[PDB]
Structure formats: C-alpha cells, structure tokens
$ cat start24.pdb   # PDB, C-alpha atoms and all ligand atoms
ATOM      1  CA  UNK H   1     139.686 142.385  26.562
ATOM      2  CA  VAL H   2     139.479 138.641  27.029
ATOM      3  CA  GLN H   3     138.697 135.642  24.846
ATOM      4  CA  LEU H   4     136.361 133.000  26.260
ATOM      5  CA  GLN H   5     135.889 129.351  25.316
ATOM      6  CA  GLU H   6     133.234 126.979  26.633
ATOM      7  CA  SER H   7     133.783 123.235  26.987
ATOM      8  CA  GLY H   8     132.083 120.242  28.568
ATOM      9  CA  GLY H   9     128.961 120.257  26.420
ATOM     10  CA  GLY H  10     127.554 117.581  24.135
ATOM     11  CA  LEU H  11     125.056 114.715  24.282
ATOM     12  CA  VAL H  12     123.685 114.090  27.770
ATOM     13  CA  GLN H  13     121.037 111.785  29.249
ATOM     14  CA  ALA H  14     118.050 113.342  31.003
ATOM     15  CA  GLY H  15     118.316 113.161  34.779
ATOM     16  CA  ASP H  16     122.106 113.327  34.716
ATOM     17  CA  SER H  17     124.341 116.313  35.451
ATOM     18  CA  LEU H  18     126.855 118.138  33.254
ATOM     19  CA  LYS H  19     129.743 120.458  34.161
ATOM     20  CA  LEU H  20     130.440 123.289  31.720
ATOM     21  CA  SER H  21     133.701 125.248  31.730
ATOM     22  CA  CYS H  22     134.563 128.718  30.476
ATOM     23  CA  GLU H  23     138.274 129.353  29.963
ATOM     24  CA  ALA H  24     139.703 132.837  29.447
ATOM     25  CA  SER H  25     142.717 133.867  27.350
ATOM     26  CA  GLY H  26     144.529 137.169  26.821
ATOM     27  CA  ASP H  27     143.726 138.471  30.301
ATOM     28  CA  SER H  28     142.857 137.234  33.794
ATOM     29  CA  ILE H  29     139.336 135.875  34.193
ATOM     30  CA  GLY H  30     139.536 137.291  37.714
ATOM     31  CA  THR H  31     139.147 140.810  36.315
ATOM     32  CA  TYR H  32     135.751 140.000  34.774
ATOM     33  CA  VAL H  33     132.280 139.308  36.063
ATOM     34  CA  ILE H  34     131.332 136.065  34.271
ATOM     35  CA  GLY H  35     127.836 135.197  33.160
ATOM     36  CA  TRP H  36     126.197 132.125  31.656
ATOM     37  CA  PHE H  37     123.512 132.150  28.956
ATOM     38  CA  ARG H  38     121.698 129.595  26.825
ATOM     39  CA  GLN H  39     120.003 129.865  23.459
ATOM     40  CA  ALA H  40     117.378 127.660  21.809
ATOM     41  CA  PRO H  41     117.311 127.490  17.993
ATOM     42  CA  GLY H  42     115.994 130.751  16.591
ATOM     43  CA  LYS H  43     115.553 132.357  20.006
ATOM     44  CA  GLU H  44     117.584 134.948  21.906
ATOM     45  CA  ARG H  45     120.277 134.243  24.499
ATOM     46  CA  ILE H  46     118.642 133.968  27.919
ATOM     47  CA  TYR H  47     120.396 134.761  31.201
ATOM     48  CA  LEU H  48     121.237 131.865  33.524
ATOM     49  CA  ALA H  49     123.688 133.033  36.167
ATOM     50  CA  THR H  50     126.350 135.484  37.259
ATOM     51  CA  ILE H  51     129.496 135.025  39.307
ATOM     52  CA  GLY H  52     131.190 138.216  40.456
ATOM     53  CA  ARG H  53     134.858 139.182  40.627
ATOM     54  CA  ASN H  54     134.709 139.828  44.347
ATOM     55  CA  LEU H  55     133.450 138.371  47.637
ATOM     56  CA  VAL H  56     130.240 138.652  49.663
ATOM     57  CA  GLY H  57     131.785 136.822  52.601
ATOM     58  CA  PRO H  58     135.009 135.093  53.681
ATOM     59  CA  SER H  59     134.863 132.430  50.964
ATOM     60  CA  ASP H  60     131.987 133.039  48.542
ATOM     61  CA  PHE H  61     132.069 135.244  45.459
ATOM     62  CA  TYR H  62     128.970 137.199  44.526
ATOM     63  CA  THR H  63     126.564 134.916  42.640
ATOM     64  CA  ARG H  64     123.105 135.216  41.127
ATOM     65  CA  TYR H  65     120.829 132.786  39.288
ATOM     66  CA  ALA H  66     117.763 133.120  37.091
ATOM     67  CA  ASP H  67     114.656 131.701  38.768
ATOM     68  CA  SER H  68     114.579 129.086  36.003
ATOM     69  CA  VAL H  69     117.689 127.354  37.340
ATOM     70  CA  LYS H  70     118.192 128.662  40.878
ATOM     71  CA  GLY H  71     118.905 125.599  42.991
ATOM     72  CA  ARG H  72     119.518 123.380  39.956
ATOM     73  CA  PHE H  73     122.597 125.068  38.434
ATOM     74  CA  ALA H  74     125.713 126.150  40.368
ATOM     75  CA  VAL H  75     128.330 128.620  39.146
ATOM     76  CA  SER H  76     131.875 128.598  40.511
ATOM     77  CA  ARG H  77     135.132 130.462  39.888
ATOM     78  CA  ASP H  78     138.706 129.193  39.588
ATOM     79  CA  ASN H  79     140.857 132.232  38.792
ATOM     80  CA  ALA H  80     144.068 130.225  39.212
ATOM     81  CA  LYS H  81     143.050 128.195  36.167
ATOM     82  CA  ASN H  82     141.523 131.239  34.482
ATOM     83  CA  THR H  83     138.245 129.327  34.426
ATOM     84  CA  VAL H  84     134.648 129.651  35.650
ATOM     85  CA  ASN H  85     132.381 126.587  35.826
ATOM     86  CA  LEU H  86     128.665 125.852  35.739
ATOM     87  CA  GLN H  87     127.428 122.610  37.302
ATOM     88  CA  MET H  88     124.099 121.675  35.721
ATOM     89  CA  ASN H  89     121.993 119.082  37.533
ATOM     90  CA  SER H  90     118.931 117.012  36.660
ATOM     91  CA  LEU H  91     119.133 117.960  32.999
ATOM     92  CA  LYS H  92     116.063 117.431  30.838
ATOM     93  CA  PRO H  93     115.092 117.859  27.162
ATOM     94  CA  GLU H  94     114.096 121.428  28.072
ATOM     95  CA  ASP H  95     117.758 122.210  28.758
ATOM     96  CA  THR H  96     118.819 121.386  25.194
ATOM     97  CA  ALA H  97     120.480 124.503  23.759
ATOM     98  CA  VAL H  98     123.796 126.211  23.046
ATOM     99  CA  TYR H  99     125.333 127.508  26.271
ATOM    100  CA  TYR H 100     127.526 130.591  26.354
ATOM    101  CA  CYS H 101     129.671 132.366  28.901
ATOM    102  CA  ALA H 102     130.324 136.078  28.649
ATOM    103  CA  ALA H 103     132.312 138.723  30.460
ATOM    104  CA  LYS H 104     132.115 142.368  31.537
ATOM    105  CA  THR H 105     133.499 144.371  34.465
ATOM    106  CA  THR H 106     130.314 146.189  35.476
ATOM    107  CA  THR H 107     128.189 145.327  38.535
ATOM    108  CA  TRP H 108     124.797 145.722  36.830
ATOM    109  CA  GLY H 109     122.662 144.603  33.885
ATOM    110  CA  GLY H 110     123.592 140.930  33.828
ATOM    111  CA  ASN H 111     120.186 139.803  32.549
ATOM    112  CA  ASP H 112     120.474 141.650  29.237
ATOM    113  CA  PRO H 113     122.961 139.890  26.927
ATOM    114  CA  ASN H 114     123.630 143.236  25.243
ATOM    115  CA  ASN H 115     125.369 144.448  28.424
ATOM    116  CA  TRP H 116     128.115 141.841  28.151
ATOM    117  CA  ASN H 117     131.375 142.721  26.417
ATOM    118  CA  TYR H 118     132.902 139.435  25.278
ATOM    119  CA  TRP H 119     131.406 136.036  24.453
ATOM    120  CA  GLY H 120     132.648 132.506  23.908
ATOM    121  CA  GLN H 121     131.699 130.708  20.692
ATOM    122  CA  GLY H 122     129.247 128.582  22.638
ATOM    123  CA  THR H 123     128.779 124.884  23.343
ATOM    124  CA  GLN H 124     125.847 122.731  22.272
ATOM    125  CA  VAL H 125     124.124 120.701  24.976
ATOM    126  CA  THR H 126     121.666 118.023  23.867
ATOM    127  CA  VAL H 127     119.591 115.862  26.190
TER     128      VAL H 127
HETATM  129  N1  LIG H 201     129.508 142.449  47.631
HETATM  130  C1  LIG H 201     128.284 142.768  47.055
HETATM  131  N2  LIG H 201     127.135 143.123  47.876
HETATM  132  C2  LIG H 201     125.880 143.413  47.240
HETATM  133  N3  LIG H 201     124.767 143.757  47.984
HETATM  134  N4  LIG H 201     125.768 143.352  45.863
HETATM  135  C3  LIG H 201     126.857 143.020  45.066
HETATM  136  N5  LIG H 201     126.616 142.931  43.690
HETATM  137  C4  LIG H 201     127.571 142.596  42.645
HETATM  138  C5  LIG H 201     128.965 142.507  42.845
HETATM  139  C6  LIG H 201     129.777 142.122  41.773
HETATM  140  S1  LIG H 201     131.539 141.979  41.949
HETATM  141  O1  LIG H 201     132.257 142.120  40.747
HETATM  142  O2  LIG H 201     132.069 142.446  43.161
HETATM  143  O3  LIG H 201     131.660 140.605  42.279
HETATM  144  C7  LIG H 201     129.218 141.833  40.522
HETATM  145  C8  LIG H 201     127.877 141.957  40.341
HETATM  146  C9  LIG H 201     127.324 141.675  39.089
HETATM  147  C10 LIG H 201     125.954 141.784  38.910
HETATM  148  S2  LIG H 201     125.227 141.367  37.255
HETATM  149  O4  LIG H 201     124.416 142.458  36.784
HETATM  150  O5  LIG H 201     126.285 141.095  36.359
HETATM  151  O6  LIG H 201     124.435 140.196  37.447
HETATM  152  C11 LIG H 201     125.095 142.180  39.948
HETATM  153  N6  LIG H 201     123.637 142.256  39.675
HETATM  154  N7  LIG H 201     122.823 142.179  40.568
HETATM  155  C12 LIG H 201     121.370 142.158  40.265
HETATM  156  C13 LIG H 201     120.911 142.177  38.923
HETATM  157  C14 LIG H 201     119.519 142.134  38.648
HETATM  158  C15 LIG H 201     118.590 142.067  39.708
HETATM  159  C16 LIG H 201     119.043 142.047  41.048
HETATM  160  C17 LIG H 201     120.430 142.092  41.327
HETATM  161  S3  LIG H 201     121.040 142.062  43.106
HETATM  162  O7  LIG H 201     121.677 143.311  43.387
HETATM  163  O8  LIG H 201     121.967 141.004  43.284
HETATM  164  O9  LIG H 201     119.941 141.879  43.982
HETATM  165  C18 LIG H 201     125.629 142.472  41.212
HETATM  166  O10 LIG H 201     124.785 142.845  42.214
HETATM  167  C19 LIG H 201     127.033 142.355  41.419
HETATM  168  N8  LIG H 201     128.136 142.716  45.639
END
$ encode --input "start24.pdb" --output "structure tokens"
Amino acid sequence: XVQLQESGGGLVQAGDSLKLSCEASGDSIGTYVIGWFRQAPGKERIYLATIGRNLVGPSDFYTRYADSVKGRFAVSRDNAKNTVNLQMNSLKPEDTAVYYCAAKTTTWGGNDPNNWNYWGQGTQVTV
C-alpha cells in the first residue's frame, strides 16, 4: 500500500508547459507502476500515461502514452525522491481538468482506472 499526492497544478496560460509531481508515502514508489489520469467536471477519469517499475533498455523505464498526449506529455520516474513526474507541454483550454496519479503493481490494464489500486487526491489544472 502507498499514499500518493499530486502537486504542481493550478492556473496556467495556454501555450505554456506545466510539470506535475506525484509523491509516494508509506512505501517505495519504485515498487509501483505509476499512471496519470485527468478528469473533466462530471466525466470519468481518462488515462494519460504509464511509467513502469522496470527498464526496457539501459536507461529508460517502460512508458506508454494515450494517443491524445503522446509527444506532448512526458512521464519520468525519480525513485530516489519517491516521486514520478509528468511534463505537460503546449497546454490549452482543453487540458483544463483535475489530474491524478495512481499506482498498481500489475503489468496490464492501465487504461481502465478501475485497475489501479491507490490514487492521489488530485490536482486541478486550469488554463
Ligand atoms: N520490458 C518490457 N517489455 C515489453 N514488451 N512490455 C513491457 N510492459 C510493461 C512493463 C511494466 S514494468 O513494471 O516492468 O515496468 C509495466 C507495464 C505496465 C503496463 S499498464 O497496463 O499499466 O499500462 C503495460 N501495458 N501495456 C499496454 C497496455 C495497453 C495496450 C498496449 C500495451 S503494450 O504492451 O505496451 O503494447 C506494460 O506493457 C508494462 N515491459
């Protein structure tokens, strides 16, 4: 079990970038696959990206992005600081929503929010 907390959100100007952070407590974030989601008022949480626990090469961790943000958002992992980040670029009014980070240990089902075990409270992002 791990507790997650997002930070770095808030009012942002369209065209600019924003770096969101997800900090873990109670356990090592390195033991969990971390995912990012976003939710518009009244809608469901939609999958954004995944960063795996392990590598796919000498330096890179496994990563995956929804087509909606592939190439525009970048997920990264900093286990030493028990944190995982999400660099969001060229933000626009369409990106306004509460962003969440979640965790699980499985290697499948990232798209469905119901497959994730723990969630942060979320951070509002307004552009
Ligand atoms: N090293 C390695 N090599 C290959 N081929 N694949 C992996 N996959 C993976 C390794 C690890 S890890 O812990 O070692 O880092 C985590 C993973 C987490 C998820 S997710 O469901 O949470 O998004 C995942 N989903 N994929 C998909 C989900 C939906 C559609 C397509 C994929 S795909 O397999 O990438 O193509 C993985 O495959 C993972 N890892």
$ atom_distance --input "start24.pdb" --atom1 "atom CA of residue H:53" --atom2 "atom CA of residue H:105"
8.2 Å
$ axis_aligned_box --input "start24.pdb" --around "ligand LIG 201 (chain H)" --padding-each-side "3 Å" --output "JSON"
{"center_x": 125.4, "center_y": 142.0, "center_z": 42.2, "size_x": 19.7, "size_y": 9.6, "size_z": 17.6}
$ residues_near_ligand --input "start24.pdb" --ligand "ligand LIG 201 (chain H)" --cutoff "6 Å" --atoms "all atoms listed in the file" --output "PyMOL selection string"
chain H and resi 33+50+52-56+62+107-110
$ residues_near_point --input "start24.pdb" --point "(124.1, 134.8, 40.9)" --cutoff "6 Å" --atoms "all atoms listed in the file" --output "list in words"
residues 49, 50, 51, 63, 64 and 65 of chain H
$ closest_residue --input "start24.pdb" --among "H:24, H:80, H:97, H:127" --to "residue H:46" --atoms "all atoms listed in the file"
H:97
$ atom_distance --input "start24.pdb" --atom1 "atom CA of residue H:31" --atom2 "atom CA of residue H:95"
29.3 Å
$ resolve_selection --input "start24.pdb" --expression "the PyMOL selection byres (((chain H and resi 86) around 9) and not hetatm)" --output "PyMOL selection string"
chain H and resi 18-22+36+49+73-77+84-85+87-88
$ write_last_selection --input "start24.pdb" --atoms "C-alpha atoms" --output "PDB file, in the coordinates of the input"
ATOM      1  CA  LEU H  18     126.855 118.138  33.254  1.00  0.00           C
ATOM      2  CA  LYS H  19     129.743 120.458  34.161  1.00  0.00           C
ATOM      3  CA  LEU H  20     130.440 123.289  31.720  1.00  0.00           C
ATOM      4  CA  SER H  21     133.701 125.248  31.730  1.00  0.00           C
ATOM      5  CA  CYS H  22     134.563 128.718  30.476  1.00  0.00           C
ATOM      6  CA  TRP H  36     126.197 132.125  31.656  1.00  0.00           C
ATOM      7  CA  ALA H  49     123.688 133.033  36.167  1.00  0.00           C
ATOM      8  CA  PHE H  73     122.597 125.068  38.434  1.00  0.00           C
ATOM      9  CA  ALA H  74     125.713 126.150  40.368  1.00  0.00           C
ATOM     10  CA  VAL H  75     128.330 128.620  39.146  1.00  0.00           C
ATOM     11  CA  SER H  76     131.875 128.598  40.511  1.00  0.00           C
ATOM     12  CA  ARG H  77     135.132 130.462  39.888  1.00  0.00           C
ATOM     13  CA  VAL H  84     134.648 129.651  35.650  1.00  0.00           C
ATOM     14  CA  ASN H  85     132.381 126.587  35.826  1.00  0.00           C
ATOM     15  CA  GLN H  87     127.428 122.610  37.302  1.00  0.00           C
ATOM     16  CA  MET H  88     124.099 121.675  35.721  1.00  0.00           C
TER      17      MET H  88
END
$ resolve_selection --input "start24.pdb" --expression "the PyMOL selection byres (((chain H and resi 23) around 12) and not hetatm)" --output "PyMOL selection string"
chain H and resi 2-8+20-22+24-30+32+34+77-86+100-103+119-122
$ atom_distance --input "start24.pdb" --atom1 "atom CA of residue H:10" --atom2 "atom CA of residue H:43"
19.5 Å
$ build_atoms --input "start24.pdb" --residues "stretch 19-44 of chain H" --atoms "N, CA and C atoms" --output "short mmCIF file (atom, residue, chain, number, x, y, z; two decimals), keeping the file's coordinate frame"
data_model
loop_
_atom_site.label_atom_id
_atom_site.label_comp_id
_atom_site.auth_asym_id
_atom_site.auth_seq_id
_atom_site.Cartn_x
_atom_site.Cartn_y
_atom_site.Cartn_z
N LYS H 19 128.93 119.34 33.70
CA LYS H 19 129.74 120.46 34.16
C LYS H 19 130.34 121.22 32.98
N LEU H 20 129.92 122.47 32.81
CA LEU H 20 130.44 123.29 31.72
C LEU H 20 131.57 124.17 32.24
N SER H 21 132.56 124.42 31.38
CA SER H 21 133.70 125.25 31.73
C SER H 21 133.87 126.39 30.75
N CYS H 22 134.33 127.52 31.27
CA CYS H 22 134.56 128.72 30.48
C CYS H 22 135.99 129.15 30.76
N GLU H 23 136.88 128.98 29.78
CA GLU H 23 138.27 129.35 29.96
C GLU H 23 138.60 130.67 29.27
N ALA H 24 139.32 131.53 29.98
CA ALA H 24 139.70 132.84 29.45
C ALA H 24 141.14 132.84 28.93
N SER H 25 141.40 133.70 27.95
CA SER H 25 142.72 133.87 27.35
C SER H 25 142.94 135.36 27.09
N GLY H 26 144.21 135.77 27.08
CA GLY H 26 144.53 137.17 26.82
C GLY H 26 144.52 138.09 28.03
N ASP H 27 143.82 137.68 29.08
CA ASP H 27 143.73 138.47 30.30
C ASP H 27 143.24 137.54 31.41
N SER H 28 143.28 138.02 32.64
CA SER H 28 142.86 137.23 33.79
C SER H 28 141.34 137.21 33.92
N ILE H 29 140.78 136.02 34.06
CA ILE H 29 139.34 135.88 34.19
C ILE H 29 138.90 136.52 35.51
N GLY H 30 139.85 136.69 36.43
CA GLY H 30 139.54 137.29 37.71
C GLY H 30 139.13 138.76 37.64
N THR H 31 139.46 139.40 36.53
CA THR H 31 139.15 140.81 36.32
C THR H 31 137.75 141.02 35.72
N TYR H 32 137.07 139.92 35.40
CA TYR H 32 135.75 140.00 34.77
C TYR H 32 134.64 139.30 35.51
N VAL H 33 133.46 139.91 35.49
CA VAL H 33 132.28 139.31 36.06
C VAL H 33 131.97 138.30 34.95
N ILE H 34 131.64 137.06 35.30
CA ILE H 34 131.33 136.06 34.27
C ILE H 34 129.87 135.64 34.35
N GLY H 35 129.23 135.59 33.19
CA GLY H 35 127.84 135.20 33.16
C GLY H 35 127.65 133.99 32.26
N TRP H 36 126.53 133.29 32.46
CA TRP H 36 126.20 132.12 31.66
C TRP H 36 124.85 132.37 30.99
N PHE H 37 124.74 131.99 29.72
CA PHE H 37 123.51 132.15 28.96
C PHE H 37 123.26 130.89 28.15
N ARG H 38 122.03 130.73 27.66
CA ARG H 38 121.70 129.60 26.82
C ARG H 38 120.74 130.07 25.76
N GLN H 39 120.83 129.46 24.58
CA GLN H 39 120.00 129.86 23.46
C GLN H 39 119.41 128.70 22.68
N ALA H 40 118.09 128.70 22.55
CA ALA H 40 117.38 127.66 21.81
C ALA H 40 117.38 128.10 20.35
N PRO H 41 117.31 127.14 19.41
CA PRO H 41 117.31 127.49 17.99
C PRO H 41 116.33 128.61 17.65
N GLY H 42 116.83 129.64 16.99
CA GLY H 42 115.99 130.75 16.59
C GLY H 42 115.64 131.75 17.68
N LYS H 43 115.89 131.42 18.94
CA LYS H 43 115.55 132.36 20.01
C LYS H 43 116.76 133.17 20.45
N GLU H 44 116.53 134.08 21.39
CA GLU H 44 117.58 134.95 21.91
C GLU H 44 118.32 134.28 23.06
#
